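Below is one structure; the comments refer to it alone.
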Amino acid sequence: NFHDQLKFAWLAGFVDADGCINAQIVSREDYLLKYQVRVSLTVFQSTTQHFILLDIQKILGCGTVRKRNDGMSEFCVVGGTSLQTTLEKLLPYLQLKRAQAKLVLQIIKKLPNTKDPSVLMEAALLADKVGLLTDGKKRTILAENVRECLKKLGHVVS
Amino acid sequence: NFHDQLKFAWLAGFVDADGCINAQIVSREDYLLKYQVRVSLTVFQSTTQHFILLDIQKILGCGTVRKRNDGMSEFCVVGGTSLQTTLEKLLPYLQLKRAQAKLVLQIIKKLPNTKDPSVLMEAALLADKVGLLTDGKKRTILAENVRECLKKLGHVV
DNA sequence: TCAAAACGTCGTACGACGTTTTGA
DNA sequence: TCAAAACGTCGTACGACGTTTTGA
Ligand SMILES: [Mg+2]
Ligand SMILES: [Mg+2]
């Protein structure tokens, strides 16, 4: 209880410095609408101390630990139903990344309805807003891409 | 006050991620024994988020905040009489760096008596083992480096 | 058609030093 | 003579992407 809260606070502590609460637009050519909006919480560690990623998994009950080929390890929680559960446990304690969290929670809100081209569209717009709160000067794929390729598929968003 | 306990736990989580609990040999020419064992806790964030180091400072009640000329800011806690106070706060919640706290606390126990060459000498050997726990490889001054020099000052160890 | 599991890597936010200044 | 306050900067542990694979 109060014990579980101290681990969530420590974990929030850790995510705030090494975490990554994100929302990307991934192209998926088998999709009807060509795009998926991926939600994820990822925590990075050197494989030297890979043991730490299994601990977080334990504490959270969800997530995928891998070794990367460059000497790093990632622990990662992908997707709405499980990521939502993890965020509500961290949210009260997150400080630096409560915005990325709170936005992503409301992306999860709409993910069950993303077959609708305009629901998918508000989701992607929200993914951009998350990307501005991230020192990722990395993103090639934005909502504007989704929207007009949506337009090309004959769909009417706005 | 279990709220502090929540804040300390959060902090320990941060320190474990982007912190630095360390012990260093710095050459100081105006010292008799020419060497200080400097102990420190340090936390980094980009200056874009400079406010979080000031919060950290508020939680602990010790420590200096500075902007660096490079885009980053640091929160730093140097010296035994205020770094012991802080480490005993984290120590129950630290994970990744609990080893460096303990070693550094064992260093701090000796600093009061660091004029004594053998006492300095042992603090020196201790700092090197805090060095074998830091992904770092920058250090150019080793517990040896206190010894030739102590030797050459005509001291016995 | 969906979507997570698992993946590979470039760029920079950092870690970890040594250095210079203040002042007790 | 001590020693913190304050400093400057290179290397690498990370972040934040996009991509392939598995599988429902
Ligand atoms: Mg960070
Ligand atoms: Mg780290």
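Hydrogens, waters and symmetry mates are skipped; everything else that's a heavy atom, side chains included, is used. Throughout, protein chains are lettered first and strands after them, A, B, ... in sequence-line order, and every chain is numbered starting at 1.
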Between C/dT19, C/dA13, D/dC17, which nucleotide has the shortest distance from any of its atoms to the side chain of A/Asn22? D/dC17
With nearest nucleotides of DNA chain C determined for B/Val26 and A/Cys76 from heavy-atom distances, which residue corresponds to the more 5′ nucleotide? A/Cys76
Side chains of A/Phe51 and B/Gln95: closer than 4.5 Å at any heavy-atom pair? no
Sort out the partner of C/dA24 for me: Watson-Crick or G-U wobble, both distances under 3.5 Å, none otherwise. D/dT1
Note, A/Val157 side chain near A/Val146 side chain (heavy atom, < 4.5 Å): no
A/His50 vs A/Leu54 side-chain heavy atoms within contact, under 4.5 Å: yes
Length of the CE-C1' vector between B/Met72 and D/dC14, whole Å: 12 Å
Taking B/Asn22 for its side chain and B/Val130 for its backbone only, find out whether a donor-acceptor pair lies under 3.5 Å. no
Heavy-atom nearest nucleotide on DNA chain D taken for B/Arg68 and for B/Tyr31; more 5' hit belongs to B/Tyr31
What does B/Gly19 touch in the nucleic acid at a heavy-atom separation under 4.0 angstrom: a base, only the sugar-phosphate, or nothing? sugar-phosphate
Does A/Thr42 reach a base, just sugar-phosphate, or nothing at all? Heavy atoms under 4.0 Å. nothing
Categorize A/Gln45 for me: base, sugar-phosphate, or nothing, with a 4.0 angstrom heavy-atom threshold over every strand shown. sugar-phosphate
Using a heavy-atom cut-off of 4.0 Å across all strands, would you classify B/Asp70 as base, sugar-phosphate, or nothing? base
Taking B/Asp18 for the side chain and B/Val43 for the main chain, is one N or O donor matched with an acceptor at less than 3.5 Å? no
Per B/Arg38 side chain, nearest of listed nucleotides D/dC14, D/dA6, D/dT9: D/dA6
Does a side-chain N or O from A/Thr64 land closer than 4.0 Å to OP1 or OP2 of C/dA6, or not? yes
Counting any heavy atom closer than 4.0 Å, what does B/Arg139 reach on the DNA or RNA strands: base, sugar-phosphate only, or nothing? sugar-phosphate
Just curious, C/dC14 north or south if you read off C1'-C2'-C3'-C4'? south
Which of D/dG8, D/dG18, D/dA16 is nearest the side chain of A/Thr134? It is D/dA16
Is B/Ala23 touching bases, backbone alone, or none of the nucleic acid, heavy atoms closer than 4.0 Å? nothing
Once you apply a heavy-atom cut-off of 4.0 Å, does A/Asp18 come out as touching a base, just sugar-phosphate, or nothing? sugar-phosphate
5' precedence on DNA chain C between B/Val130 and A/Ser82 (nearest-nucleotide basis): A/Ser82
Just checking A/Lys110: does its NZ atom have more than 12 heavy atoms from other residues, nucleotides or ligands closer to it than 6.0 angstrom? yes
When rounded to whole Å, the CZ to P distance for the pair B/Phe44 and D/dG8 reads 16 Å
Toward the 5' end of DNA chain D, by each residue's nearest nucleotide, B/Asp135 or A/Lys97: B/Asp135
Between C/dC14 atom P and B/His50 atom NE2, what is the distance in whole Å? 14 Å
Report which part of the nucleic acid B/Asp30 touches: base, sugar-phosphate, or nothing (heavy-atom distance under 4.0 Å, all strands). base
Just by the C1'-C2'-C3'-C4' torsion, is C/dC10 north or south? south
Is the shortest side-chain N/O distance from B/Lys137 to OP1 or OP2 of C/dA16 below 4.0 Å? no
When the distance from CD of A/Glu74 to P of D/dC17 is rounded to whole Å, what number comes out? 13 Å
Would the number of heavy atoms belonging to other residues, nucleotides or ligands and lying under 6.0 Å from NZ of A/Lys89 be above 12? yes
Name the nucleic acid region contacted by A/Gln24, choosing base, sugar-phosphate or nothing; use a 4.0 angstrom heavy-atom cut-off, strictly under. base
Identified pairing partner of D/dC7, criterion: Watson-Crick or G-U wobble below 3.5 Å: C/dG18
Interatomic distance where NZ belongs to A/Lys34 and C1' belongs to C/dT1 [whole Å]: 11 Å
I want to check one thing: is the phosphate of D/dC2, taken as OP1 and OP2, less than 4.0 Å away from some side-chain N or O of B/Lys115? yes
Report the distance from atom CD1 of A/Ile52 to atom P of D/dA13, rounded to the nearest whole Å. 17 Å
Distance check needed: C/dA5 P versus A/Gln36 CD, whole Å only. 11 Å
Could you state the NZ-P distance from B/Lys67 to D/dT9, rounded to the nearest angstrom? 18 Å
For C/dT20, does the base pair up with any side-chain atom of B/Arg28 as donor and acceptor (N or O, under 3.5 Å, distance only)? yes
Compare side-chain N and O positions of B/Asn69 against OP1 and OP2 of D/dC7 and report whether any pair is under 4.0 Å apart. no
Phosphate-side-chain proximity, A/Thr140 and D/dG18, N/O vs OP1/OP2 below 4.0 Å: yes
Could you check whether any side-chain N or O of A/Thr64 sits under 3.5 Å from a backbone N or O of A/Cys76, counting only pairs where one atom can act as donor and the other as acceptor? no
